[PDB]
Amino acid sequence: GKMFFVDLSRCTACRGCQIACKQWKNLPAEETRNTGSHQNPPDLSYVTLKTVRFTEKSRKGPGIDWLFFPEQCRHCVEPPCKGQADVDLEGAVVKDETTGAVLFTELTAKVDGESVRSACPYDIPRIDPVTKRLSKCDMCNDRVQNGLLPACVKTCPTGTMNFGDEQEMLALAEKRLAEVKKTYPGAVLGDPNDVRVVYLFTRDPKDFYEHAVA
Amino acid sequence: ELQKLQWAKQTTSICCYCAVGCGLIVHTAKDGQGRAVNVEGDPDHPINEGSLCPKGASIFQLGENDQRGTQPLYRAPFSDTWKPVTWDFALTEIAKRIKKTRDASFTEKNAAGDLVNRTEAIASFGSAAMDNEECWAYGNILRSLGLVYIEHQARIXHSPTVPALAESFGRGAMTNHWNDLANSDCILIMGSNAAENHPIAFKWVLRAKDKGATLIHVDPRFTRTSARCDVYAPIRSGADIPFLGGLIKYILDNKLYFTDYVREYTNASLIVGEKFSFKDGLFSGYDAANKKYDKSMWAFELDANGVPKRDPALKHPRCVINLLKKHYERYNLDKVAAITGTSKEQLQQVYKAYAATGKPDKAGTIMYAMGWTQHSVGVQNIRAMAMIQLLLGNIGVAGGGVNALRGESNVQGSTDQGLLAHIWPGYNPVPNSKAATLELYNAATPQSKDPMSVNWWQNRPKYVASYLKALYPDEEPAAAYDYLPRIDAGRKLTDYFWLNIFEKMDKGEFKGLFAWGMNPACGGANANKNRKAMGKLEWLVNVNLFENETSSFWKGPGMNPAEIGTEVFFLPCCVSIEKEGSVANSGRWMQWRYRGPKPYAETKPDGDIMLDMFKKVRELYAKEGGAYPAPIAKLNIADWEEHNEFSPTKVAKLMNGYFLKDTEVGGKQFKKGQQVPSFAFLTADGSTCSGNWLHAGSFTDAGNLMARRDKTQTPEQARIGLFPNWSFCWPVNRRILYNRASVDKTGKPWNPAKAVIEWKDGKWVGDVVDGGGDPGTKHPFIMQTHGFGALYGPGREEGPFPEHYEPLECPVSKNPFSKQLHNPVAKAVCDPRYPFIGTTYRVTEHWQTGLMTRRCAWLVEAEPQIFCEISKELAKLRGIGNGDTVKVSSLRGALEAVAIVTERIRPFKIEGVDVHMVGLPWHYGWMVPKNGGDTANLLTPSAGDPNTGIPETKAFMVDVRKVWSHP
Ligand SMILES: Nc1nc2c(c(=O)[nH]1)N[C@H]1C(S)=C(S)[C@@H](COP(=O)(O)OP(=O)(O)OC[C@H]3O[C@@H](n4cnc5c(=O)[nH]c(N)nc54)[C@H](O)[C@@H]3O)O[C@H]1N2
Ligand SMILES: Nc1nc2c(c(=O)[nH]1)N[C@H]1C(S)=C(S)[C@@H](COP(=O)(O)OP(=O)(O)OC[C@H]3O[C@@H](n4cnc5c(=O)[nH]c(N)nc54)[C@H](O)[C@@H]3O)O[C@H]1N2
Ligand code: SF4
Ligand code: SF4
Ligand code: SF4
Ligand code: SF4
Ligand SMILES: [S]
Ligand SMILES: [W+6]
């Protein structure tokens, strides 16, 4: 299948990926307000499949450690969201056998949506209050099967976002990890044998987000 | 198959926001006959390779936007309602206003009897957002009507750069280009937040880092840029010249300068005359009564033929280099560390990393944008960067340069087209009242008698004449010269600039204002005053994408429409993807873009609006006569149109220029009607027209070179990313300016692994050589009179060497480097009720006043409201918690914002007292969105530099207080 490699040591939090995701799918904007942070929307939602999370950590000397985390479905190799949904109705959550994309369908309205969300170790699924359908990042599977990069990968200016076949992406992640460790000794890959969106964190992944890793 | 893009026609465009110049692909429904259905990055474009920041990435939402204007709106005097009117009504009535105002105000001679042929009762703002062809047509329409008060954005963020870099190198432009940043070994970002304000630039900045470059951010705040640099060095606001002066001293003390480059290609060897001196913070020739310098005291000593004397041994005591060493010996580390607030350890780290690029096999670049270069001595800030780069051999080389980042998509182009009061297109000056003839105009150009000095500006009479032929082809240039307006020689130049325009408006001295593609009701400093001053206009014409705080100033905060007599016309223009034309990016790439969807509703491209407007003015003059009709009646507008529409192609070919008769020039024969192949073949006798000599070469008989999308590169071109066949850059496709300095006098690169040009088999290979001639036969700075990169720059008003003068008036009382505290050639109140230093800056997600991006729900989504960024120390002092509502106030006004308490802001220690900075985005305005807040310019003063005419937006005094709600 396919895989993302997300090198957070290169991210400028430009949020091009956040906007590109909504442009490609023509998703609505949420009502937001500033509550003391550049982060917005504050959370994933039925209409927000990716948001960049901002976290500031003190450090000795000038400046801060500013941690940016563009969150999205991890497209798990063995997705528990599918395992939970299959209890109520098979076909609500399916897996693309070519790309590895985990895909929610309109049949998610016919399964226990809250239990599907609680089954996810990354707390990724979001429910529409009206229809009870679930939504999340779909890997831009449409674009991928037609030879295009995912919208958020294509738009990224920094090389944070990388996308390709899982073997080239895993080899890249391993080589980038070794290099990034020379500046960030605490750098790690997030659950790299279990997911298709492999983040390189420059320190404790939970400093980026409480659900950054399982 | 992707349904979304099925049946839609794909076209290319260029982002309409910042000056990086990213490429887009637009898909338009019904095979081009419907609306846009998708906009994203062009994967083939060499600058962004498909990447877009959120502003570029949301252009679909900008264009396909039901909040856009749909047709002209009219606001009658004292009315509280817009009335929708036809284009014919709006343009006919505007033409009538123009003509009535011009007829009543036109002055043939000024009060001294000198010919000026101008109207002072109309002013125009705008715009870097129009296409290059529209900018060029617009300025010529304005000047044909007699206007002199012609300004736009460039006055603020671009105008300081031009004299600073022109003094140093001969040209004011960014010297390299975006792709070239990846060749750098050390990138100093100072006065720039490029990761937020030129985001795709960090593609190339991080690629340099991938190849081993050190990235350094020098900034008072920790930003999204700082997060990704190797070194973040905080600097106190306004302490940049001490920082750079310390670096000059470091370079000189440690012999880190590139001697061979310095000796041959800078003015290090020139002998300064004995009248030059510096004492107690003042250069010689100071006139205390008028606070001005007699610059002739700074002259070089000249030889028999008038050429500055040189000591190539660099031993003479009055050699520039030796005067340089003496000047900067005061800038020792401990004094610089004290004033900058940068630790001595960090100063040493930065200085060592950056000065290592004086080796020929290493290249260093400096990136700066707007920063705080607008105060009295911002030009000297830039001068110091230029001097550092010359000492290190970094000018002319790949990964080097002074990368003065342009702001807006076409601010390079709109400046190139002379949308500033002091310049015609092609940087030919607007004549003053004592240039009574074309011959007197041409006589002002300095000449050189050094046979190695190209002194290319000696060709100016060709460019002036060809420009006059472009406007008035049936007239002799000496005759046409009398058609255009002149400014007064007696007045200070800044009387015609941005800030004095708002001042004269507040005094009721303008009857009409064009706000063309700008939002002055938010963008001008001291917004309360400017909003009130707009009420003193008889009429206001606003051309814009959306209704906005300027168009609707009469119903803004605290306004009573029934008391405001101004007549307003709102003319909705179309977005960038709905029209064809070019925009010139920061690296001077003049890139052609195409229409996707047709103009939304009844919106029109700027070029059609202005041409129809001008044609109606012409018709009124042909029927009624009036003041001096000839400049209007005779203007060549036939060349601007085709198929009864404004023609970007025909205007671009006229700006390039063409032959008006069979002509012999440069040893070749040309036929009437042929495009001029380069500005080398322009003439002064009327054989050629050219709307802008810098464009001569962009659109030749070979076709539209701006429209090239050719990635072909030789190995040496591709090694440094020139992409010479992708679009076209002025001048004549020289991608890296001053590249003759990149080689020795046999023509071999100082750095063969990153060669820019090389002498091979009797020709220069690589980039286009900046200045023809055999290796070792020409000085490398061809636009300089003397031919050298200027370490010593005697044309500057503040002195030939940058010197620290405190730009922070209120909290500083001591200058450690001289007894001269403030700029000696330059009235803040410093009321103690406003003890904090307010500043304004940008965030990635919004654009300028936010007129455009506050209308884009995805960008509002990410940044919905004005906020105020403060330190933990200040939040503690004032009892402010993160996310609290605060009131920020100044002597000028007050607003509320959401507090953002962060360690990204830290107090400045100034003279043993903590001084707190308060950060505000200027992206907001009362019109939209709900609860977004208003402009940070409610707080800013309308006082600016005597000498630059720029208002203070980076350091102004404020108070910040918690706003309480119910327990
Ligand atoms: N996202 C976005 N990008 C933009 C724009 C926008 O509105 N939004 N505007 C465009 C335009 S028109 C312009 S002109 C450019 C402006 O480009 P920038 O100059 O990058 O814009 P700023 O954010 O206003 O100021 C940049 C940095 O200068 C720092 N600074 C303030 N005072 C000083 C000082 O005294 N010394 C030093 N060394 N630094 C200081 C500020 O803290 C800030 O981080 O950006 C262009 N790009
Ligand atoms: N406090 C503070 N004030 C500042 C600054 C600051 O840093 N701080 N920065 C200053 C600087 S550097 C600048 S650049 C100015 C910006 O000042 P403005 O130019 O007045 O700001 P905007 O109107 O928001 O710029 C966007 C404009 O482009 C117009 N536009 C887009 N496309 C087109 C088109 O095709 N045709 C026409 N006619 N119009 C079009 C939109 O309608 C919109 O009005 O603000 C200045 N003021
Ligand atoms: S587009 Fe790339 S650099 Fe920008 S926020 Fe997303 S991942 Fe980070
Ligand atoms: S892969 Fe596609 S759906 Fe997922 S975050 Fe990126 S743009 Fe959104
Ligand atoms: S991250 Fe959660 S929602 Fe996404 S595939 Fe894994 S279990 Fe399913
Ligand atoms: S705003 Fe600047 S960096 Fe962003 S997409 Fe447009 S040109 Fe590129
Ligand atoms: S600009
Ligand atoms: W600007």
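Here, each number is a calculation from the coordinates, and none is a lab measurement. Reconstructed Cβ throughout: ideal geometry from the backbone, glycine too, with neighbour counts over all protein chains shown.
Between helix A:166-180 and chain A there is an angle of about 30 degrees, using the helix long axis and the longest principal axis of the Cα atoms. Inter-chain neighbour count for A:21-31: the average number of beta-carbon atoms from partner chains within 10 Å of each residue's beta-carbon is 5. The value of relative contact order for the stretch A:75-137, using C-alpha pairs under 8 Å at least six residues apart, is 29 percent. Among the residues of A:48-55, the average count of other protein chain beta-carbon atoms within 10 Å of the residue beta-carbon is 1.
For B:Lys671, the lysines whose Cα comes closer than 24 Å to its Cα, not counting residues fewer than 8 places off in the same chain, are B:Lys462, B:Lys469, B:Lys650, B:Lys653, B:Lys661. Normalised by residue number, the volume inside the convex hull of the Cα atoms of the protein assembly as shown is 173 Å³ per residue.
In this calculation the C-beta distance from B:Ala489 to B:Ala943 is compared with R0 = 30 Å, giving a FRET efficiency of 0.70. Mean sequence separation of contacting Cα pairs (under 8 Å, at least six apart), scaled by the length of the stretch B:527-618, corresponds to a relative contact order of 24 percent. Building the convex hull from the alpha-carbon atoms of the stretch B:795-967 and averaging its projection over directions returns 12.3 nm².
So if we plug the beta-carbon distance of B:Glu1 and B:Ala638 into 1/(1 + (r/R0)^6) with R0 = 35 Å, what FRET efficiency do we get, rounded to 0.05? It comes to 0.15. Using just its DSSP H runs of length 4 or more, each adding -39500 (n - 2.57), chain A gives a mean residue ellipticity at 222 nm of -7000 deg cm²/dmol after division by all residues. Given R0 = 41 Å, the distance between the Cβ atoms of B:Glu108 and B:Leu891 translates into a calculated FRET efficiency of 0.45.
Considering helices alone, the calculated mean residue ellipticity of chain B at 222 nm is -6500 deg cm²/dmol, with DSSP H runs of length four and up weighted by -39500 (n - 2.57) and normalised per residue.
Note: relative contact order over the stretch B:453-564, using C-alpha pairs below 8 Å and six or more positions apart, is 19 percent.
Enter the Cα centre distance for the pair the stretch B:570-629 and the stretch B:911-967, rounded to the nearest angstrom. Their Cα centres are 35 Å away from one another. Could you name the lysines in cross-link range of B:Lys887, using Cα to Cα under 24 Å and dropping any fewer than eight places away on the same chain? Within reach: B:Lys529, B:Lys532, B:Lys555, B:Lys872, B:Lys876, B:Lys930, B:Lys954, B:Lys962. Among the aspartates and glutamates, select those whose C-alpha is under 13 Å from the C-alpha of A:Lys132, and discard any that sit fewer than 8 residues away in the same chain. Qualifying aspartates and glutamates at Cα under 13 Å: A:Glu106, A:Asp112, A:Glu114.
Structure note, pairs B:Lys96/B:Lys579; B:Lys279/B:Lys325; A:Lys2/A:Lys181; B:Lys279/B:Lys814: Cα-Cα distances above 21 angstrom occur for B:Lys96/B:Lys579; A:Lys2/A:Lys181. Looking at chain B, what % of the alpha carbon pairs are farther apart than 56 Å? Considering chain B, 7 percent of its Cα-Cα pairs are separated by more than 56 Å. Computed over Cα pairs, the Kirkwood radius of the stretch B:913-967 leads via Stokes-Einstein (0.890 mPa s, 25 °C) to a diffusion coefficient of 177 µm² per second. With all pairs of different C-alpha atoms in the average, the Kirkwood value for the hydrodynamic radius of the stretch A:75-137 is 11.3 Å. Within the stretch B:180-286, the GluC sites (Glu not before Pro) that combine a DSSP coil assignment with at most 13 other C-beta atoms in a 10 angstrom radius are B:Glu274. Close amide H partners of B:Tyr293, meaning residues 5 or more places away or on another chain with modelled amide H under 5 Å apart, are B:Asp287. Of the peptides A:131-139, B:131-139, the ranking by mean beta-carbon count within 10 Å, highest at the top, reads B:131-139, A:131-139. Here the stretch B:145-206 and the stretch B:700-723 have alpha carbon centers that stand 22 Å from each other.
Between 0 and 90 degrees, the angle of helix A:16-25 with respect to the longest Cα principal axis of chain A falls at about 20 degrees. Between the stretch A:71-114 and the stretch B:769-831, the C-alpha centres lie 65 angstrom from each other.
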